[PDB]
Structure formats: structure tokens, C-alpha cells
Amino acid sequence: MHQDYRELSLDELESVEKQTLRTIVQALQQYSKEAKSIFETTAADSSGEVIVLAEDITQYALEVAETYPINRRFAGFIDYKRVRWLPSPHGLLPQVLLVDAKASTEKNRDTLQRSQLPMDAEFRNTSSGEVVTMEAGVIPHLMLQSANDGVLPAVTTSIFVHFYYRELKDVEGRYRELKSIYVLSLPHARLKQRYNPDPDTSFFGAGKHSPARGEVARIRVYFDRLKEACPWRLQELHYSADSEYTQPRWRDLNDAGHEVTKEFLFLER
């Protein structure tokens, strides 16, 4: 087995992102009943609330499903972060889990700051027909100081929890409606050749910034294009009138390379 993620093959690397994602989906799933309650019944006190509700929900859902902590912390704009050891058959991997919460009325695409972009991006602006570029803002790994040698890189794993909702706002004891919780796993920089080799091959899109107003410049990631490149990298926990919790559905891909969905069991916790 390995300790240095760089010695892992690309396939094995995607594998650890997959199990990282899977773990997080169970957390959100098992926390979905309380999440809907919190997301919908919390007083708005004049807009802005959803951004903070999304972050808190995510944190409460995930902090409960963490692993073997590493005594290392850092401050930054990323909502939820933890340096930890991730057990796996590839080896006990040091890891910096990074997940960002988003609240949106749109059930497709997500906006990213350059500080959240895992790998260098490039695509063609459908309107300007030109090639757009953006360097990754998330480091490939955080160096940890071993007690018997030199540094040991803790792999960075990027995740996005996207709360798709609708504003109903104040009515009875419910100020909004949580419709679905999408979870995204963005491929590590080492996987660029596989997911973004050329501007016409990618899941990126035009940023939500206003270039006319001379704004900082961001980037977008489109759900459908991510799911096509790799089905499991896009998960969806949807709410319906059949249950207080979301529908426990996990999207994966056969060993035969076809897309598949299955329902999984979850506990009350």
C-alpha cells in the first residue's frame, strides 16, 4: 500500500474520491429529515439565511461521519474542512477533506470561486466562441510534518453539497422549500488529462461574474456534463411526499461501463 497519494495510479485516486463521496452521501441521507426541517422552518430574518443554513446543515450532517483525525488545522473560506487519515485498501491515506455548501434555486450547474477550483480549467464560451482559462485555486495537497522523517502530502479532495430549493417564504411555520440535495465530487488536479484535456472536452462553463462590470471572474460546473464524464461524481438526494427523508439513491457505473442507480439502506442515527 501507499502513504503518498502521488504513488497511486489515477484509477486508485478516483477510487478514494469515490469512497469519500459515498461516505458523505450516507451522512446527508441519514441527516435529510432534520435538514429539511432546519432548511425550511428556520426564520429568514431578511434574506441571506439560506447560505448559512446550507453551511450549517452540511456541517452537522458531515462532522458526525468523520475519520481518524490528524492534528493539523488551517483557516480559509472553505466551509467545511478536516485533515484526517482515510483508511482504504490503497493504504491509510492522509487527506484534507474540503467541501463547500451552496444554496440555489437552480437544479443544474454550480458556481465556483477560483479558490474552490480543484484543477486548471479551459472551455469555449458558447457565445464568444473564444477559449476561457482559469488556474486551480485549491492546492493539490497539504504537507504534513512526520515525526520520523520529512514531509508527507495530505491529499486534497474537493466536494460540493448543492441545496436546490424554492423560495416560498413565510406562510405557516415554513419559510422555504428544500427540493433536493446534490453532492458533487470534483476530480483532483492529477486527473486533468482525463476530465479536461481540451476546451471542447469539459464540464466547465461561463462564470456567474459580470465581465462588463469588470468582476473578478468565476467558473461554472454543469451537472449533466459531469454525470456524463463520470456518473458517480454527481449524486442526488431528492425529497418527495413519500418520506420525511430524501430518497436514498446512489448513482454509480457498472464494471461494464454503464450507468446504474440503486437504493440503499440508511439508519436513523
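Sequential numbering from 1, following the sequence displayed.
Mean CA temperature factor is higher for 209-217 when stretches 229-237 and 209-217 are set side by side in the entry. Per-stretch averaging of Cα B factors for 94-102 and 171-179 places 171-179 on top.
Each of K81, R84, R114, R190 has a CA temperature factor in the record; the biggest one is found at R114. Going by the entry's values, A43 shows the largest Cα B-factor out of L53, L62, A43, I70. Looking at the C-alpha B-factors along this chain, the one for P89 belongs to the lowest third. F74: CA B factor lies in the middle third for its chain, per the PDB record. The deposited CA B-factor of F123 belongs to the highest third of values across its chain. Placement of the Cα temperature factor of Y222 within the chain: middle third of the modelled residues, per the deposited record. Looking at the C-alpha B-factors along this chain, the one for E12 belongs to the middle third.
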